[PDB]
Amino acid sequence: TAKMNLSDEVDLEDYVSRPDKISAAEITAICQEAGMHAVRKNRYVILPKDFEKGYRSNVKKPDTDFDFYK
Amino acid sequence: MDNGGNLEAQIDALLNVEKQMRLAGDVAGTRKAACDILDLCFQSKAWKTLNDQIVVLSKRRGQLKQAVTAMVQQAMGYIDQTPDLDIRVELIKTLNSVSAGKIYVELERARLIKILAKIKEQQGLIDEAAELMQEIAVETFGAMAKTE
Amino acid sequence: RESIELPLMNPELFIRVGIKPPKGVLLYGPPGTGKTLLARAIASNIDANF
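(A) Broad picture of the overall build of chain C. A count of helices and strands for chain C gives three helices and zero strands. In chain C, the order of α-helices and β-strands from amino to carboxyl end is α-α-α. Principal-axis analysis of the C-alpha atoms gives chain C an extent of 40 × 25 × 10 Å.

(B) Summary view of unusual backbone geometry. Positive phi values are uncommon outside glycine, yet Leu6(A) reaches one of about 45 degrees. Position of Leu6(A) among the secondary structure elements: in the segment before helix 1 (12–16). Of note, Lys45(B) is a non-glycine position whose phi angle comes to about 45 degrees, a positive value. Tracing the backbone shows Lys45(B) in the loop between helix 2 (27–43) and helix 3 (47–58).

Reading the values: rules and limits
- Residues numbered from 1 in each chain as written, not as in the entry; some residues may be left out.
- Chains lettered and ligands numbered in written order.
- Part of a larger assembly, values for the part shown.
- Heavy atoms only, no water.
- Residues with missing side-chain atoms left out of burial classes, pairs and counts.
- Helix = DSSP H or I, 4+ residues; strand = E, 2+ residues; numbered from the N terminus.

In structure tokens:
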């Protein structure tokens, strides 16, 4: 995220703390995807919401884990 | 002392039309509605309500780029005709806050901050003007003209 | 369009954003979806540079 804007409120650890088993390129993928979304939105800084559209967009895994097993 | 009610009612009606057009995705309609709202606010010289409306429209979920561009350009056009230097500073601060982090308004933000730095220099606050106008990285503004 | 032709349009825009332009996009679609038609049409942007 170093070369990102992340204007005022995007909490970096806010999405890191999620379990969100990811991959070293997966972080880069989420970053770029948020960047592309902002480009479509023309936000010269990464709005704290676009982090939401990114984290869930890139971690789109159909795990469908049943809570029955707990 | 009766124009305030008419102003607020007209602003609400224009906001409803703006919401309709924005949900419809019509760039021209939304832009024209926003320009009409700005014209109504200006003609009434209600600068505080003008700034409040600018912020409100800038912070709405899903606003179109071109409508905001037209709003900001017209607001900069309004800067010269205002009578009060304090109102100048307040309006400039509001536009700068709105335009921050918006690629398609960085030109307007840069011109606005240069004007504010000039105003601060006129007041003798050289340090404040320098520190404030230093905050822009114009290097990255590819859309900007080299000369300026 | 923003996936392929937007990059060639003004990649400096993406750079100012802070991310590199899209590298490569793959089309996902159930069988018989006709994605191939999408590419055949996208061929209508250069017609020699495809």
